[PDB]
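**Student:** Could you have a look at this structure, given as structure tokens, before my questions?
Bear in mind that the values in this text are calculations on the coordinates, not laboratory data. Cβ sites come from the backbone with ideal geometry, for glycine too, and all protein chains shown count toward neighbours.
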Amino acid sequence: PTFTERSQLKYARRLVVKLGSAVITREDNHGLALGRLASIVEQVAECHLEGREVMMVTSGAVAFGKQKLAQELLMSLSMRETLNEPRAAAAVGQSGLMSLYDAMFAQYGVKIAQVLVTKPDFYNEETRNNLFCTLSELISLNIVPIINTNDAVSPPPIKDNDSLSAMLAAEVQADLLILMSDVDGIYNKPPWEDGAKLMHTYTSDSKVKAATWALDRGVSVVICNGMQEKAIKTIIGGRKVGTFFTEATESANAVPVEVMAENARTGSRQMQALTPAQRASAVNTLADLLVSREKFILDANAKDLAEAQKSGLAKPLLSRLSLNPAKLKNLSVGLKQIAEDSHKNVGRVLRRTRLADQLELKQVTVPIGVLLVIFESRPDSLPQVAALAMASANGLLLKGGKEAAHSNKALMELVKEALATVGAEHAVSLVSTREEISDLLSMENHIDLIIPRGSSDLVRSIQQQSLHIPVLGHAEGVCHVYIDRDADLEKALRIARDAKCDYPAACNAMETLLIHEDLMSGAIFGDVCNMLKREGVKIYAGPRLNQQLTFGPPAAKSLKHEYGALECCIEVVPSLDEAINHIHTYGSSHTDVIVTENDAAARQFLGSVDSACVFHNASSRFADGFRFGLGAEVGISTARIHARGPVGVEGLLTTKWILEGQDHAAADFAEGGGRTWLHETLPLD
Amino acid sequence: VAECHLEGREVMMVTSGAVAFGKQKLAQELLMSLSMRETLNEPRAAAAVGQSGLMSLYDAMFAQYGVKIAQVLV
């Protein structure tokens, strides 16, 4: 079986389609699946005019024949009686079906040739070889030999069209093999069972038996879904459809998906009972080991970035690939601060209240569970997020990028060691090297939270891709600035300086500007535009300014665009309320800032604006959590739930209600029992 | 045949000459599949090809008269 991977399909030369009887007929048994049939034939004529070697093996003649025979038998009775067989249908259907195929194909210039066979024809070797050389000749002549079994005179380990197709594919020595059947694939139990798990690849029934048999002779077998649209062009498209069949890539190559997740769940439950300074000691040891074997990891990083450099794929990426013992020291000290602050994050009380005699309760913090972080290779965060997990005592699934994968593996074994030290388990599992983002993205019930961290491309591709799963992270940092008629100019000057000039590539970086039109005449417009020129900032403009000015800067494509570089649209309005309108109209509710000296307008703004965060005489670059004294954050959430913007450690917990009644019961508290409600909010511990 | 059968008689042709038609088709193809350089100077194959095409032709012709046919190889 030369081919082994669903990219290698691009290069199959000789392939053998095989349609099932379910494909041809409908459920009404009143015709054909003409749409499906002609679709298959169009795909085959395409993939053959390409140059490939293709030879269908049909089926379902008897169904068509039965339709025809029934109609005739109706049409041949006495009108009196109207007022109250394998071989026959076989032959009739064979004729009509060949005619139909022939018209359809000749619509594409190609030519066909019926070839009927029987079972004993395989037992005579000479017959077998005559058939073989015949088929090879036909194919060599650019012909599409539509094979079938001579059921018309001799109905039938060849016991079907399927085993037939297998034996053929072997003898013909073809590349591929497609059993376009009724069902869509394979599971470890019927759909009306437990374990509806698709066998997108198959390691190592009648269908499956033939699959085994043939696959043991050099062919590469597939099984698709007959009713699955654009089947063949997509299988050749390489995309994972149906149950591909190849040999094993066992855990020596990769644990498939889940065992990692469940191992992580288990170890999370383990460390759940390992609170008091256990994980603190763990992160202490981890920072130590980070500063103790950096030479190894420095050299791994150096070599891996040097390897990636020959590709030269992305200057931002290749620059983030920088790693030096300065960053190592920064990571170590941040992790030390994590160890410090992470003392009593978990298992902490929130409420203390009694309802009845000896009937108290509380609502206690608790890890979230299985976390899947995803990020372009910025390996500096790997130990960061690992420390976050092991402080929060929740498991963590890891999947970065192919870049720096070796350095990532180094960091991974580092942290795995440091955790196995105390924790009794590597309650963490990395996986990389072609981890089919969409697939595990679709998998549910084990993962909890998607944490994209790489860059805006990642978060976008996720949001558009992610479906039915808690995600995090913003989509784009379309910040907004407003300056009031009650604001000194140089303030706004240095403010816009720190705003745009500081790091235009940031996510939380400003990309717009809004000014009270009243003060437009105060030369401040010119001041700021000239300052932007001092920084060489591309300036766009909007309808209000274009109306206002004569020559002016160029226009703007769309108010809801982001640049990431020295480009910032600028608009101007009269009304603070109008500012509210515009912001809410375009802004991502991500960030905002007010520069003014009156609080009345300022506080009205603040109370009215619905950003993720608002400010006063400050900088959008303040949005880093670490700047908030929040400790090591994990990301920036614009989602309307559970967390806003700076997401520290607490954004990685939930609560759990616990109660200890004596013998209490619900109906007991009703008037039928001497039980009351107290709701005395006991002072939390 | 369609006449003498719409009359009511019982008729069932037994054709021949598939290989000739097949040879015509095969020759044309073999021409159409050479390098333009070389252009400047088998029972079973023709059998099957002719069988297909011939059955198609009979089928169109007969269906022009309402009757229906059915290939039977032996």
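**Student:** Hey, among the residues in the range A:134-149 that are hydrophobic (A, V, I, L, M, F, W, C) and at the interface with another protein chain (Cβ under 9 Å from one of its Cβ atoms), which one's surrounded by the fewest Cβ atoms within 10 Å (Cβ to Cβ)?
**Tutor:** A:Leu141
**Student:** Considering only residues that are outside any helix (DSSP H, G or I) and under 47 Å from the mean Cα position of the chain (by Cα), which ones fall in the range A:109-143?
**Tutor:** A:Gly109, A:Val110, A:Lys111, A:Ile112, A:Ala113, A:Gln114, A:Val115, A:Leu141, A:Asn142, A:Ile143
**Student:** One residue is enough: does the range A:127-136 have a residue meeting the conditions closer than 30 Å to B:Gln28 by Cβ and aliphatic (A, V, I, L, M)?
**Tutor:** Checked against the condition, which is being closer than 30 Å to B:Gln28 by Cβ and aliphatic (A, V, I, L, M), the range A:127-136 yields at least one hit.
**Student:** A:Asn124: within 10 Å of another protein chain (Cβ to nearest Cβ) and closer than 20 Å to A:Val172 by Cα, yes or no?
**Tutor:** no
**Student:** Mind listing just one residue for me: the one in the range A:72-85 that is part of a helix (DSSP H, G or I) and more than 13 Å from chain B (Cβ to nearest Cβ) and, of those, nearest to the chain's Cα centre (by Cα)?
**Tutor:** So the residue we want is A:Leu74.
**Student:** Taking the condition within 23 Å of A:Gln463 (Cα to Cα) and surrounded by fewer than 22 Cβ atoms within 10 Å (Cβ to Cβ), does A:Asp599 pass?
**Tutor:** no
**Student:** Of the numbered conditions (1) more than 16 Å from A:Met56 (Cβ to Cβ); (2) within 8 Å of chain B (Cβ to nearest Cβ), A:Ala113 fails exactly one; give the number of that condition.
**Tutor:** If we test A:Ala113 against (1) more than 16 Å from A:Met56 (Cβ to Cβ); (2) within 8 Å of chain B (Cβ to nearest Cβ), just (1) comes out false.
**Student:** Checking the condition closer than 30 Å to A:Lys240 by Cβ and part of a helix (DSSP H, G or I), which residue from A:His406, A:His426, A:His446 passes?
**Tutor:** A:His406
**Student:** Would you mind stating whether A:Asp624 is loosely packed, with under 13 Cβ neighbours inside 10 Å and either under 32 Å from the mean Cα position of the chain (by Cα) or not in a strand (DSSP E or B) (or both)?
**Tutor:** When the stated conditions are applied, A:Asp624 does not pass them.
**Student:** Exactly one of (1) more than 11 Å from every other protein chain (Cβ to nearest Cβ); (2) closer than 18 Å to B:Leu57 by Cβ is unmet by B:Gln28. Its number?
**Tutor:** B:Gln28 satisfies every listed condition except (1).
**Student:** Okay, moving on. Of all residues in the range B:34-71, which are hydroxyl-bearing (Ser, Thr, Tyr) and within 11 Å of chain A (Cβ to nearest Cβ)?
**Tutor:** Result: B:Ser52, B:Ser56, B:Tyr58.
**Student:** For the range A:36-51, enumerate the residues that are closer than 18 Å to A:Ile139 by Cβ, out of contact with any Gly (no Cβ under 9 Å at 6 or more places or on another chain) and surrounded by fewer than 17 Cβ atoms within 10 Å (Cβ to Cβ).
**Tutor:** Within the range A:36-51, A:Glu46, A:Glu50, A:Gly51 meet the criteria.
**Student:** Scanning for something polar (S, T, N, Q), within 25 Å of the chain's Cα centre (by Cα) and in a helix (DSSP H, G or I), does the range A:277-294 turn up at least one residue?
**Tutor:** The answer is no, given that none of the residues of the range A:277-294 is polar (S, T, N, Q), within 25 Å of the chain's Cα centre (by Cα) and in a helix (DSSP H, G or I).
**Student:** Does any residue in the range B:1-24 that is under 30 Å from A:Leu138 (Cβ atoms) come within less than 7 Å, Cβ to Cβ, of a residue that is in a loop (DSSP other than H, G, I, E, B) six or more places away or on a different chain, and which pairs are these?
**Tutor:** Listed by first residue and then by second, the contacts come to B:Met13/B:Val1.
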